[PDB]
Amino acid sequence: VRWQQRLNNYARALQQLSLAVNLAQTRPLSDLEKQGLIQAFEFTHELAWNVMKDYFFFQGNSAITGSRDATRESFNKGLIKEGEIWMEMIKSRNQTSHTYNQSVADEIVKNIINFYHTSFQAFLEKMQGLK
Amino acid sequence: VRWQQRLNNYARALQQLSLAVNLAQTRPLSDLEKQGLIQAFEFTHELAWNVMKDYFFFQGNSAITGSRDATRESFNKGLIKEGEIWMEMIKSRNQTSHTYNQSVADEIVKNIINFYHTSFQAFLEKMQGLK
Amino acid sequence: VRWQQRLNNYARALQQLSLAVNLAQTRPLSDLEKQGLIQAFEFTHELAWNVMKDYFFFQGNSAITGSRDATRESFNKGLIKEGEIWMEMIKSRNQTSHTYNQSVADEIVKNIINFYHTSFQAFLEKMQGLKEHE
Amino acid sequence: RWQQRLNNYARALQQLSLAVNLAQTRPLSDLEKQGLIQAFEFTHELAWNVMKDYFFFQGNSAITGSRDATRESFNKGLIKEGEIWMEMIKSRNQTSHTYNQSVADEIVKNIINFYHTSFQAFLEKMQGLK
Ligand SMILES: *P(=O)(O)OC[C@H]1O[C@@H](n2cnc3c(N)ncnc32)[C@H](O)[C@@H]1O
Ligand SMILES: *P(=O)(O)OC[C@H]1O[C@@H](n2cnc3c(N)ncnc32)[C@H](O)[C@@H]1O
Ligand SMILES: *P(=O)(O)OC[C@H]1O[C@@H](n2cnc3c(N)ncnc32)[C@H](O)[C@@H]1O
Ligand SMILES: *P(=O)(O)OC[C@H]1O[C@@H](n2cnc3c(N)ncnc32)[C@H](O)[C@@H]1O
Ligand SMILES: [Mg+2]
Ligand SMILES: [Mg+2]
C-alpha cells in the first residue's frame, strides 16, 4: 500500500527530471535551468530512497532508518546494480548548498545526466515489475 | 574572519537569486526555471542563517542549534526586522522535497518573489554595515 | 547445507521462545517479561524467514528480498499452511517500536501465544522432514 | 512535532528506568534480560527520532536516519557522549542475535552501565530546549 503510493510519486518526480535531462541533450541549459535540474535530482533522489525504505518495511524490515541504510540494503537484495553510483548520489545531495559556485553546479549536473538519470530509470522499472 | 567570509559568499549567492527573481518579474518562468529559483532560495537562505550563526558565535553565543535559533536571535538583536517572514522561510525550506507538486512549487516561488528577496537584501545591507 | 545450518539456529531460538510461551500459559507475564516474549518472537521470526530464503536459494530461487517474499513463496510451495498467520507476523514485527504502549504489547503477546508459536513449531517439523524426504 | 515525540520518549524511558532499577536489586531472568533489550530498542528508536524531529523544527531536512541524527546531535551539543550513542546503534544491529547468551549479556551490561544514563542526560537536555 504505502510503498506503491510512494512509487507513483517517484515516477511523477522522475518524469520531471527526465524532461530536464532530455532538454539538456537538445541545447545547453542556462545557469538557472542547471539549478532546476539539481532541484529535480534532489526531489527524485529523496523519493527513491524512501521507496526503498517503504518497500523493505513492506517486506518486514524496520531496521532501515536512512538513505545510506536503504541504499546498502537495496544493493544487497538486488533492487539496484550500481551500488557505488547510488552512494555517490548521497554525496551529491550533501553538496547542493554549494551550487552557487558554477564549478560545483556543473559537476553535479554532469553526474545527474551521465549516471544518475539512467540509474533512476532502472530502479523505476525494477520496482514497477515487483508491483 | 569567518562570518565575513560567509557574508561574501552570501552576497554572491544573493546576486544569483536576484537575477532569477528579476527575470520572474518580466515573464513567466518555465517549470524547470521555477525549480531553479527554489534551489537558489535554498542556497541563499542556507548561507544567510549561517552568517547569523557565525556572527553570534564570534560574539560569544554558542547556543544556536539551527536556522530557527539563528533567526530568533537575529530578530532579538535587530539583524532582521521581518521576523515572521524569516520564519516562513524555514517552512519553505522544509517543503522543498515536495516541489514536484505544482501547488507547492508555486507557493514557494510566490513567497521568494513577494517576500524573501527583499528580506535577503535588507539582511545583506545590515551585515555589510557591521563588516 | 546452509539452510540446514540456519535451521539449527532457528531450532535453538524457538526453544527459548517456547520456554517463554509455556510460562505464559501458566501465569500472567510481567510487563518486562512481555517485552521479552516479543524480543524472542523477533529473533525466532528472523531465523524462520531466513531459513525460507536459504532453502529457496538452494532450490534455485534467488528473487527473495525479505520476509514477505519468503513467506509468500513458502505458502505457495507448501512449507507453511497458515498464510494469514505468517503475514500477521510481519505486521507484528513492524509494530516493535510501539510496544511501550501496553495495548500494542498485549496484542503481539496474544498473537505469539495463540497463533505464532504453533506455526513456528509446525515449520520446524516441516523443514526437519525436508532433510530426509520431499 | 518534536515535543510530542519527546513526551513519548519520556514515557518509554520511564519503562526502561524501572527495568534498570529492577536489575540493580536482583539478577534478571533470561526472559527479563530480553525484555530489557526490547525496552532499550524502543527507547533508542524514540531518541533518534526526537533528534530528527528537533532538527526538522530547526529547518534541517537533510537528516535521514539514526547515524545522521546522532552525528548532528553531537555536532550541535544535544549529546556529549558521542561514543556511547554510536555504540547504541551497534547494539541495535545485534538484536537478531540475542538468543546467544553472550550477546544478550553484553547488551544488557551496556544498557545498565552506559545507555540509561545517556538517555537521561538527553531527556534533560531536550527538556531545557523547550
Ligand atoms: P560556499 O561556502 O559553498 O563557497 C565558498 C567557497 O568557494 C570558494 N569560491 C569559489 N568560487 C569563488 C569566487 N568566484 N569568488 C570567491 N570565492 C570563491 C571560496 O573561496 C570558498 O572556499
Ligand atoms: P510527495 O510525497 O510530496 O507527494 C505525494 C502526495 O502529493 C499529493 N499529490 C498528488 N498529486 C498532486 C498534484 N498534482 N498536486 C499537488 N499534490 C499532489 C498526493 O496526496 C500524494 O500522495
Ligand atoms: P509511540 O510508538 O506512541 O510513537 C508515537 C507515534 O507512533 C504512532 N504509532 C503508535 N502506535 C502505532 C502502531 N501500533 N502502528 C503504527 N504507528 C503507531 C503514532 O501515531 C505516533 O505518530
Ligand atoms: P544466530 O543469529 O546466532 O546465527 C548463528 C550465527 O550468526 C552469527 N552471529 C552470532 N551472533 C552474532 C552477532 N552478534 N553479530 C553478527 N553475527 C553473529 C555467527 O556466525 C553464528 O554462528
Ligand atoms: Mg534543493
Ligand atoms: Mg526487539
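Residues numbered from 1 in each chain as written, not as in the entry; some residues may be left out. Chains lettered and ligands numbered in written order. Heavy atoms only, no water.

Structure determination for this PDB entry was carried out by X-ray crystallography, with a resolution of 1.65 Å recorded in the header.

(A) Highlighting the overall build of chain C. The secondary structure content of chain C amounts to five helices and zero strands. Listing each helix as α and each strand as β along chain C from the N terminus yields α-α-α-α-α. For 134 residues, the compact-globule formula gives about 14 Å, and the C-alpha radius of gyration of chain C, at 15 Å, lands near that figure. Dimensions along the principal axes, computed over C-alpha positions, put chain C at roughly 45 × 25 × 20 Å. (Helix = DSSP H or I, 4+ residues; strand = E, 2+ residues; numbered from the N terminus. Rg over C-alpha atoms; globule rule 2.2 N^0.38 Å.)

(B) Structural detail: the coordination of the magnesium ion (ligand 6). Taken together, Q39 of chain C (OE1), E42 of chain C (OE), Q38 of chain D (OE1) and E41 of chain D (OE) make up the protein donors of the magnesium ion (ligand 6), found 2.2 to 2.4 Å from the metal. Residue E42 of chain C is found in helix α2 (residues 31–59), and its partner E41 of chain D is found in helix α2 (residues 30–57); the two belong to separate chains. Using a relative accessible area of 7% as the deciding quantity, one classes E41 of chain D as buried. (Donors = N, O, S within 2.8 Å, 3.2 Å for Na, K, Ca; no water. Buried < 20%, exposed > 50% of the residue type's maximum accessible area, 1.4 Å probe, protein only.)

(C) Quick look at the packing of aromatic side chains. Tallying each qualifying case throughout the model produces 40 aromatic pairs over all chains. Ring centres of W86 of chain C and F120 of chain C lie 5.5 Å apart, and the angle between their planes is 85°; on these two criteria the pair is classed as edge-to-face. Taken together, the residues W86 of chain C in helix α4 (residues 83–93) and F120 of chain C in helix α5 (residues 102–129) connect sequence positions 34 residues apart. In this structure, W86 of chain C and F120 of chain C share a single accessibility class: buried. When the centroid spacing of 6.2 Å and the interplanar angle of 35° are considered together, the rings of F40 of chain D and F119 of chain D count as tilted. (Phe/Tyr/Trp six-rings, centres within 6.5 Å; stacked < 30°, edge-to-face > 60°.)

(D) Seen up close, the site of ligand 2. Close to ligand 2 lie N9 and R12 of chain A together with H98, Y100, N101 and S103 of chain B. Mapping the residues near ligand 2 onto chains gives chains A and B. Contact distances for ligand 2 include 2.4 Å between an oxygen atom and a side-chain N or O atom of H98 of chain B. Side-chain polar atom of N101 of chain B to an oxygen atom of ligand 2: 3.3 Å apart, as the coordinates give it. The protein chains hide 47% of the 490 Å² of surface that ligand 2 would expose on its own. Each residue belonging to the shell around ligand 2 can be placed in one class, and the counts come to one nonpolar, four polar and one charged. (Near = heavy atom within 4 Å. Polar contact = N/O pair within 3.5 Å; in protein donor to acceptor, adjacent residues only side chain to side chain. Areas by Shrake-Rupley, 256 points an atom, 1.4 Å probe, with all protein chains shown as cover. Nonpolar A, V, L, I, M, F, W, Y, C, P; charged D, E, K, R; others polar.)

(E) Region of interest: the side chain of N94 of chain B. Assignment of secondary structure puts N94 of chain B in the loop between α4 (83–93) and α5 (102–130). Taking the relative accessible area as the measure of exposure, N94 of chain B reaches 14% and is therefore buried. With sequence-adjacent residues up to four places away left out, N94 of chain B is seen in contact with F56, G59, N60 and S61 of chain D. (Contact = heavy atoms within 4.5 Å.)

(F) Main features of the coordination of the magnesium ion (ligand 5). Here the magnesium ion (ligand 5) is held by the protein donor atoms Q39 of chain A (OE1), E42 of chain A (OE), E42 of chain A (OE), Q39 of chain B (OE1), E42 of chain B (OE) and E42 of chain B (OE), which lie 2.1 to 2.7 Å from it. One can describe the donor arrangement at the magnesium ion (ligand 5) as irregular, given that its six donor atoms subtend angles of 52 to 159° at the metal. Highlighted residues: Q39 of chain A in helix α2 (residues 31–58) and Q39 of chain B in helix α2 (residues 31–58), drawn from two different chains. Under the relative-accessibility criterion, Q39 of chain A is labelled buried at 0%. (Tetrahedral: all angles 85-135°; square planar, octahedral: opposite > 155°, others 65-115°.)

(G) Representation of the interface of chain A and chain C within the structure. Counting residues at the interface gives 10 residues for chain A and 11 residues for chain C. When chain A packs against chain C, close to 830 Å² is buried across both sides, 45% of that on carbon and sulfur atoms. Interface area lost by chain A to chain C is led by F58, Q59 and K77 of chain A, which between them contribute 59%. Across the contact surface, chain A and chain C share zero salt bridges. (Buried area = accessible area lost by both parts, 1.4 Å probe. Salt bridge = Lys/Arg side-chain N within 4 Å of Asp/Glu carboxyl O.)

(H) Focus on the site of ligand 3. Near ligand 3 you find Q95, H98, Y100, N101 and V104 of chain C together with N8 and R11 of chain D, and these make up its full shell. Taking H98 of chain C, its side chain carries an N or O atom lying 2.4 Å from an oxygen atom of ligand 3. Contact distances for ligand 3 include 2.4 Å between an oxygen atom and a side-chain N or O atom of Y100 of chain C. Expressed as a share of its isolated accessible area of 460 Å², the protein-covered part of ligand 3 is 49%. Residue composition of the shell around ligand 3, grouped by class: two nonpolar, four polar and one charged.

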